[PDB]
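Chemist: Pasting a structure here, questions to come.
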Amino acid sequence: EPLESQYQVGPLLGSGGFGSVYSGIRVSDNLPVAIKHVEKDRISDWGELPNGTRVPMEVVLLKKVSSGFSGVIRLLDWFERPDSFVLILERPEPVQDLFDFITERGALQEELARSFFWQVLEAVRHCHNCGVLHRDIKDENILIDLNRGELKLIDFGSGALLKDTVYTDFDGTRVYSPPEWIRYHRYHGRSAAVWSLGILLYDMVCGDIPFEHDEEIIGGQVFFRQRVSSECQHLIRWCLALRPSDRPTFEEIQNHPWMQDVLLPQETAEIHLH
Amino acid sequence: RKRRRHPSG
Ligand SMILES: [Cl-]
Ligand code: NA
């Protein structure tokens, strides 16, 4: 029943605007886990479970998506302590986050960007089908299982229940945030998500994100700093349309010509990752 | 040119 006897805690994996996350192994069966600790004092969004006991939204959102197998990180278990919640998450091994991966390798070949971006699209559709809006899609919140060639979306700490009405609150990453949030402090979930996917795709094919300053975010100009195919530039530009209603749906993204003939995850590992 | 992480929170 207690947290300390049931998991062996190893080293810190990271910390920041997410918390303090340790590597661990579940003693029951030596399964690799990640043990995430969040201070109750630093949690602004709370939900309630089917159980009825009150939890941080992050927990609510992870249970809603941890249904079955996917490109979303699985919540295995959680615990309440006096001043915090501890979340036990899946840990792929070996793993690298997409931010370090792009730093190390630079601009990704399009074939590899295509397989990755496709898998991010499938994961975000999953969240949306489960009623969850992540709100912080970025390379930092994507893990790559280096052996399976599978991507996992992590860190739902800035997410919300998906709704069709307007959002007026946001605590995700500003350089992935859309221009309607910058200027008006309003967005709709899906269209904001697609903008952020546009940033992510540019990040993949160019080796860093397109915009750092507000004025660039609202300016509506995408300069390509790497050789990128016309079809890919068109997709990025569509995703980063200034008017939200001008952005593509997930379907339109996935039917885009640049998105056809995607590699399987195993093929991706074999060609690009071993 | 400088590539960096960006905190959310
Ligand atoms: Cl912001
Ligand atoms: Na460990």
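Order-wise, the sequence lines are chains A and B. For the first sequence, the positions run 1 to 274 when the numbering used here is used. For the second sequence, the positions run 1001 to 1009 when the numbering used here is used. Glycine residues also receive a C-beta, built at the ideal position from the N, C-alpha and C atoms.
#1: Under DSSP, the alpha helix (DSSP H) around A:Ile102 begins and ends at which residues?
#2: Can you check whether the CB of A:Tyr167 is closer than 7 angstroms to the CB of A:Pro178?
#3: Beta carbon of A:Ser23: closer than 6 angstroms to some heavy atom of ligand 2?
#4: Applying the criterion that 16 or more other CB atoms from any shown protein chain within 10 Å of the CB defines a buried residue, is A:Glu58 buried or exposed?
#5: For the putative contact between A:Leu235 and A:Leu201, defined by C-beta atoms under 8 angstroms, what is the C-beta separation to the nearest angstrom?
#6: Suppose you measure from the CA of A:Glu104 to the CA of A:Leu143; what does that come to, to the nearest Å?
#7: Note down the Cα distance separating A:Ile199 from A:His185, rounded to an integer number of angstroms.
#8: Could you please give the first and the last residue of the uninterrupted alpha helix (DSSP H) stretch that includes A:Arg125?
#9: Among A:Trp78, A:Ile73, A:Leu87 and A:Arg227, which has the Cα closest to the Cα of A:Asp97?
#10: Can A:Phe18 and A:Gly157 be called in contact, C-beta distance under 7 angstroms?
#11: Exposed or buried, which one is A:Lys138 when buried takes at least 16 other CB atoms within 10 Å?
#12: Only counting runs of 3 or more residues, tell me where the beta strand (DSSP E) segments fall wholly within the region 10-49 of chain A, in order along the chain.
Modeler: Straight from the coordinates:
#1: Walking along the first sequence from the start, residue 102 of chain A turns up at place 102. Going by DSSP, A:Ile102 is part of the alpha helix (DSSP H) stretching over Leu98 to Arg105.
#2: For the purposes of this step, residue 178 of chain A is identified with residue 178 of the first sequence, where counting begins at 1. For the purposes of this step, residue 167 of chain A is identified with residue 167 of the first sequence, where counting begins at 1. The answer is no: Cβ separation not under 7 angstroms.
#3: Numbered from its first residue, the first sequence carries residue 23 of chain A at position 23. It does: the Cβ of A:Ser23 is within 6 angstroms (strictly closer) of some heavy atom of ligand 2.
#4: Position 58 of the first sequence, counted from the first residue, corresponds to residue 58 of chain A. Buried is the call here.
#5: Walking along the first sequence from the start, residue 235 of chain A turns up at place 235. Walking along the first sequence from the start, residue 201 of chain A turns up at place 201. Taking the Cβ atoms as the reference, A:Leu235 lies roughly 7 angstroms from A:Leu201, within the contact range of under 8 angstroms.
#6: Your numbering for residue 104 of chain A matches position 104 in the first sequence. Your numbering for residue 143 of chain A matches position 143 in the first sequence. So the two alpha carbons sit approximately 15 angstroms from each other.
#7: As a first step, residue 199 of chain A must be located in the first sequence, where it is residue number 199. As a first step, residue 185 of chain A must be located in the first sequence, where it is residue number 185. Distance between the alpha carbons of A:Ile199 and A:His185 is about 19 angstroms.
#8: Along the first sequence, one-based indexing puts residue 125 of chain A at 125. From DSSP, the alpha helix (DSSP H) with A:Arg125 extends over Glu110 to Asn129.
#9: Within the first sequence, residue 97 of chain A is the residue found at index 97, counting from 1. If we check each option's Cα against that of A:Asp97, A:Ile73 comes out closest.
#10: The sequence position of residue 18 of chain A within the first sequence is 18, counting from 1. The sequence position of residue 157 of chain A within the first sequence is 157, counting from 1. Closer than 7 angstroms, so yes.
#11: One-based indexing of the first sequence puts residue 138 of chain A at position 138. Result: buried.
#12: 20-26, 31-39 and 46-48
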